[PDB]
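Below, chains carry the letters A, B, ... as their sequence lines are ordered, and counting in each starts from 1.
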Amino acid sequence: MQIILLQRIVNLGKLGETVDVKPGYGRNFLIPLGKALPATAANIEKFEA
Amino acid sequence: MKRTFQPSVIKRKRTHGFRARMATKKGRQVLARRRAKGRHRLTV
Amino acid sequence: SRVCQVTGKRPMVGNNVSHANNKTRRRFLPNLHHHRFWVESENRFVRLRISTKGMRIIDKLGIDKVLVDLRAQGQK
RNA sequence: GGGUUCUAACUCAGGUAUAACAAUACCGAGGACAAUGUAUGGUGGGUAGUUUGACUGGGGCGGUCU
RNA sequence: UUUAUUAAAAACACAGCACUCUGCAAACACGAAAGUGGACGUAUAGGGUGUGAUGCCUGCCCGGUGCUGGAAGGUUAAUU
RNA sequence: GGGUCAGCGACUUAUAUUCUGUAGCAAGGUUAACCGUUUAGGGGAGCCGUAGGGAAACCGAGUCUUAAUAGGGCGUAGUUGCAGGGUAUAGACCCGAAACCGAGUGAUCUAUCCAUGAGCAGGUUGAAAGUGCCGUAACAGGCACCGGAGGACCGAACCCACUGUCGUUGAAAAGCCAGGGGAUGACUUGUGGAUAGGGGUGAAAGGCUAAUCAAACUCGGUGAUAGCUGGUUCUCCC
RNA sequence: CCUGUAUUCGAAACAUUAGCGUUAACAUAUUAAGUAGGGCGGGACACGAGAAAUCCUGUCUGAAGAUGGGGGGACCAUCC
RNA sequence: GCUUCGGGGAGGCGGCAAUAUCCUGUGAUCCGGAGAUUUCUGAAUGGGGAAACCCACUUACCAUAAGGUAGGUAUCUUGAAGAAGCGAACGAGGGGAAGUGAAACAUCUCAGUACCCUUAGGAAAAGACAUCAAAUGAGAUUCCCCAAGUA
Ligand SMILES: [Mg+2]
């Protein structure tokens, strides 16, 4: 799963970095609790802007 | 001695009657079959 | 029933084949699971009975796309 | 290359609210187990489908069968 | 109690006994599942099995086949 | 095997294929589906025959095998109808199982259960508890009264079915008569309901599940299959 | 001889069939990714796993995207 | 059986099946088109139910008594409109035997048949090449005759 970081979290990357996580890690924790977004163009534009 | 047929109207109408036939899909097929044979007695 | 909503997966019929080639009828069931999907666009969790392939389709297309396709399909 | 811990998936045939059932929310307890799909080894008269020869001073037993 | 309609019994049941399972979403059973019974019960309970009031009692054998525990080693599936 | 008579009752149909006869054409024969103002006329696709040998490539009155040019093997009037005999696939001469499978119908009989009602003449026995008096250090213990237990007793209704006679084309597809057992209980019984076929239910007999039970009934697969049994219809000639 | 037959023929009303016109309902992609392909288990192909192409998919995966892709019965190259 | 519009022209009031009272050139009976009426049950639809029954609620009006007339009141789907149920065969689709044959029988056959279930239309389905071919190439689907009982 490719995701943009919305905040620093250990062992994964900096703020705004697009990283690869296990789908369960992305789908069940980070995105639902607002620590990341799915890596789509419509999301990278939203974050970059 | 006691024989096999012991008549009861409520029991007859409740196991074999018209509304008992119409309550099931298989009872409605019984009725469709009786009507296709043209029986003058649909249900007891 | 035991049907995936998003992919349409349902049980398949087939044969159990023995080493002596005896055939018995069998079913192949979908890998169906209950999952609560977070939807930001509605700020809520929606629980779906979904297949693993459907979860991958959520991953690739988005819960919003899958949800609008289900709503167009009917049951919601 | 194994454990330990965590919680956020998942589970509750727990509590409270929603009339009731159920679902949902929260709390609580568990928790990457359990459980289920696919595949796979084992077990499996619980259940099925069948087989279980012929000769023969009746048949079986014995013997025989090239 | 039983072979309605050739067998009523020494057969079945029985109170009692023993083994064994089951910690509760129990084991177990019906069911494809949901849902049920067990039980709105909880190990002094519930299931299965044998035996069959009571009295005196119930010896030896764990090689076979089951069951229970153990895992050092041998062998061993899919997969890779 | 047949009481008798009358009536009906068994080698078919379709296609493929082979042989025979017959007819037409003849080294050729013949079209199919179709079209057609339809038995015609058209339609040559195809099929059979006209060559075989060899697994085959390949060659061909030859070819194969072989190193062999030897030897040896195999080779050197049909066709289309019509009719008939046989065969093949179909129920395939007709009738006949015990079965197996699918889908329904049944617990008004019976088995067990659930709910809700009802019944059990009459006569007995006399458990615990209780009371009193005595007794004991106190419990204990005794005696009398009293009480009314019990899958208790005797015995009608009711339920049952041990013995015998009768009856056995019965009065009856399970009874009668005379005796017999239980008869306040694990009792009998009414009404309604529940469980359904490899399923149920069973104080267990493979019992019962509508006079049907080692797998109900009905319909369907189905004209099951039957190396078996029975039957198979006019006449004469060799 | 009668009803008929040959032939010729009728419709106030309603239906049906067509052609035309018009209305109101729905529809109107723009070139295609969880797709093609692959592993495992099945199924369908005349083809019973077979040297088995091709199709379908329960399970697990997963492209290139026209300088590309599919098929031509394992498979590779070339060609169509 | 009522009305009307057409046909028709002498009988007629359906049959068993006649009898009586009657109708009919003021055009009956009869035939064809249209309309009106159309009890109750049944999808049955206000609730219920042992079908042809029991019990209602409500709006408007009329009655004055214990009612009468005309309506409304099921569920689901879609945003008021639809649906439901029934009924030949043929279609498409979801499930799917066994007897039988193999002279036994298990692969196989039977057969994707019977049957069960879902759902259309006058047909359905399929259909325009990510199809074949390998010939001088052809040019969607369906059906028939061959190819061929061949590979
Ligand atoms: Mg009986």
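- For H/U118, one of the phosphate oxygens OP1 or OP2 lies less than 4.0 angstrom from a side-chain nitrogen or oxygen of B/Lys25.
- Applying the 3.5 Å cutoff to both bonds, D/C33 and D/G53 do not register as a Watson-Crick or G-U wobble pair.
- When heavy atoms are screened at a 4.0 angstrom cut-off, B/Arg14 is found touching the sugar-phosphate backbone but no base atom.
- A/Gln7 CD to A/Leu15 CG: the interatomic distance, rounded to the nearest 0.5 Å, is 8.0 Å.
- Residue A/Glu48 places its CD atom among 12 or fewer non-hydrogen atoms of other residues, nucleotides or ligands, all under 6.0 Å distant.
- B/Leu42 comes within 4.0 angstrom of a nucleotide base, judged by non-hydrogen atoms across all strands.
- If you check every strand for non-hydrogen atoms under 4.0 Å, C/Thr7 touches nothing.
- Pairing check for E/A29 against E/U36: the Watson-Crick or wobble criterion is satisfied, both distances under 3.5 Å.
- Looking at A/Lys46 and C/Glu40, no side-chain N of the basic residue comes within less than 4.0 Å of a carboxylate O on the acidic one, giving no salt bridge.
- Separating the CZ atom of C/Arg10 from the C1' atom of H/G95 is a distance of 12 Å, rounded to the nearest angstrom.
- The shortest distance between the side-chain N/O atoms of B/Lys2 and the OP1/OP2 oxygens of F/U110 is below 4.0 Å.
- Close to D/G37, at under 4.0 Å from its OP1 or OP2, lies no side-chain N or O of C/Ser51.
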Side chain to side chain contact (heavy atoms under 4.5 Å, CB included) assessment of C/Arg47 paired with C/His35: CA-CA 5 Å; C/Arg47 153 140 289 188; C/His35 194 81; 5.5 Å; no
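- Distance C/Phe45 CZ to D/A9 P: 7 Å, rounded to the nearest Å.
- Side-chain atoms of B/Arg28 come within 3.5 Å of backbone N or O of B/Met22 as a donor-acceptor pair.
- The nucleotide whose nearest atom lies closest to any side-chain atom of B/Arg3 is, among H/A43, H/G96, F/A211, F/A211.
- With a glycosidic angle no more than 90° from 0, E/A71 adopts the syn conformation.
- Under a 3.5 Å cut-off, the side chain of C/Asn31 and the backbone N or O of C/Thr52 do not form any donor-acceptor pair.
- For RNA chain D, the residues of residues 15-40 of chain C within the heavy-atom distance limit of 4.0 Å (strictly under) are C/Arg26, C/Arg27, C/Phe28, C/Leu29, C/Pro30, C/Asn31, C/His33, C/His34, C/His35, C/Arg36, sorted by number.
- Within a 6.0 Å sphere centred on CZ of C/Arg26, heavy atoms belonging to other residues, nucleotides or ligands number more than 12.
- Annotated as anti: D/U11, whose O4'-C1'-N torsion sits more than 90° from 0.
- Geometry at E/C28 and E/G37 meets the Watson-Crick or G-U wobble definition, both required distances lying under 3.5 Å.
- In this structure, B/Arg33 places its CZ atom 14 Å from P of H/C86, rounding to the nearest Å.
- Shown here, H/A103 is classed syn by the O4'-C1'-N9-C4 or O4'-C1'-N1-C2 angle, which is within 90° of 0.
- For B/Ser8, a side-chain nitrogen or oxygen approaches OP1 or OP2 of F/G192 to under 4.0 Å.
- Close to F/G190, at under 4.0 Å from its OP1 or OP2, lies no side-chain N or O of B/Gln6.
- Within a 6.0 Å radius of CZ in C/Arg2, other residues, nucleotides and ligands contribute 12 heavy atoms or fewer.
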Intra- and inter-strand pairs of RNA chain F in dot-bracket (Watson-Crick or G-U wobble, both distances under 3.5 Å; | for another strand): ............(((((((((((((..(((...((.....))...)))...((....))..((((.....))))...)))))))))))))..((.(...((((((.....((((((((((.((((....(((((......)))))....).)))...(((.(((.(........).))))))..).))))))))).(.(((.....)))...)..))))))......).)).......
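- Atom CZ in B/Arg39 sits roughly 12 Å away from atom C1' in F/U218 (whole-Å rounding).
- Residue A/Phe47 is not grouped with residue A/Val19 when hydrophobic side chains (ILVMFWY) are merged at heavy-atom distances under 4.5 angstrom, including chains of intermediate members.
- Taking only side-chain nitrogens and oxygens, B/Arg19 comes nearer than 4.0 Å to OP1 or OP2 of H/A50.
- Where C/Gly8 and C/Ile57 each meet RNA chain G at their nearest nucleotide, the meeting point lying more 5' is that of C/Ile57.
- Rounded to an integer number of Å, the gap from B/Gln29 CD to H/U118 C1' is 13 Å.
- Applying the 90° criterion around 0 to the glycosidic angle, H/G82 comes out anti.
- Phosphate contact (OP1/OP2 of G/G34, side-chain N/O of C/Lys53, threshold under 4.0 Å): absent.
- With a 6.0 Å cutoff to the six-membered ring centre and a 45° limit on the axis angle, B/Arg3 does not count as a cation-pi contact of B/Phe5.
- For the criterion of Watson-Crick or G-U wobble pairing, both bonds shorter than 3.5 Å, the nucleotides H/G8 and H/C76 do not count as partners.
- Residue A/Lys35 is out of contact with every strand shown, counting any heavy-atom pair closer than 4.0 Å.
- Entry note: H/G121 and H/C90 meet the pairing test, Watson-Crick or G-U wobble at under 3.5 angstrom for both distances.
- Dashed line: the shortest gap from a side-chain N or O of B/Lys26 to OP1 or OP2 of H/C117 is under 4.0 Å.
- A canonical Watson-Crick pair (purine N1 to pyrimidine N3 plus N6-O4 or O6-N4) or a G-U wobble (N1-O2 and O6-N3), each contact under 3.5 Å, is absent between H/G82 and H/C2.
- Rounded to an integer number of Å, the gap from NZ of B/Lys11 to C1' of F/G190 is 11 Å.
- Taking both residues in full, the closest heavy atoms of B/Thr43 and B/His16 are given as CB-O, 3.9 Å, listed atom of the first, atom of the second, then distance.
- Nearest to the side-chain atoms of B/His16 among the listed nucleotides F/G106, F/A174, F/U108 stands F/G106.
- In this structure, CD1 of C/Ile50 is placed 16 Å from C1' of D/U36, rounded to the nearest angstrom.
- Note on C/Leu61 and C/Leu70: same hydrophobic cluster, where clusters join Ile, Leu, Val, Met, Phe, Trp and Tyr whose side-chain heavy atoms are under 4.5 Å apart, directly or indirectly.
- Within the nucleic acid shown, B/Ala32 comes within 4.0 Å of sugar-phosphate atoms alone, with no base atom in reach, counting heavy atoms only.
- The base-pairing partner of G/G70, taking Watson-Crick or G-U wobble contacts with both distances under 3.5 Å, does not exist among the strands shown.
- Remark: G/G4 does not pair with G/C40, failing the Watson-Crick or G-U wobble criterion at under 3.5 Å for both atom pairs.
- Base orientation of F/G202: anti, since the glycosidic angle falls outside 90° of 0.
- Checking E/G50 for Watson-Crick or G-U wobble geometry (two distances, each under 3.5 Å) identifies E/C17 as its partner.
- Atom CZ of B/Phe5 and atom P of F/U110 are 14 Å apart (whole Å).
- Out of D/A8, G/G62, G/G42, the shortest distance to the side chain of C/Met12 is found at G/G42.
- The residue B/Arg21 sits close only to the backbone: its heavy atoms come under 4.0 Å of sugar-phosphate atoms, none of a base.
- A donor-acceptor contact shorter than 3.5 Å links the side chain of B/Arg34 to the backbone of B/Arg41.
- Atom name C1', nucleotides H/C23 and H/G1: the rounded distance is 16 Å, in whole Å.
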